[PDB]
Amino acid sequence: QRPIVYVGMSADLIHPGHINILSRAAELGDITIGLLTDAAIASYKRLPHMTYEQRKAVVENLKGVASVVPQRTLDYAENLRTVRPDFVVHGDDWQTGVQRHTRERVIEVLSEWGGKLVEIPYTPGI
């Protein structure tokens, strides 16, 4: 099969930054969205306005998205070990600040099966 591309998202309100990520991810293979739960999101930022099921109804309908799975924690390891993607895609915002430790763990965990992180310039102004 095609490679598996894992994309973590809160995705409270979809905007062109998200679309950019998904468009870049689709270049790498079939996208599985790791849709973060309330509890995951609450652990590092403000809770979203929309519920998990509401956010899922939107994101599952974005072009390029093959599957959507819950990501119950900010940390990606448990999901990465289950789905074993070839790629993870994220914006470069998480090189600094609250998600940096989670980013480092994505790189180290993916190395276990030779997966790669691909980072995209964050879309400014939105």
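For every residue, the number given is its place in the sequence shown, counted from 1.
Report task. Could you check the entry and say whether 29-37 or 43-51 has the higher mean CA B-factor? Result -> Per the PDB record, 43-51.
Query raised in the report: Which of these, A77, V88, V58, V98, has its C-alpha atom at the highest B-factor, as the entry lists it?
Result: Result of the comparison over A77, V88, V58, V98: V98.
Requested in this report: State the tercile, meaning the lowest, middle or highest third, of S23 with respect to the CA B-factors recorded for its chain.
Outcome: Middle third, going by the recorded CA B-factors of the chain.
Query raised in the report: Relative to the other modelled residues in the chain, which third contains the C-alpha temperature factor of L13: lowest, middle or highest?
Result: Its C-alpha B-factor belongs to the highest third of this chain's values.
Query raised in the report: How does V68 rank on Cα B-factor within its chain, lowest, middle or highest third?
Result: Its C-alpha B-factor belongs to the lowest third of this chain's values.
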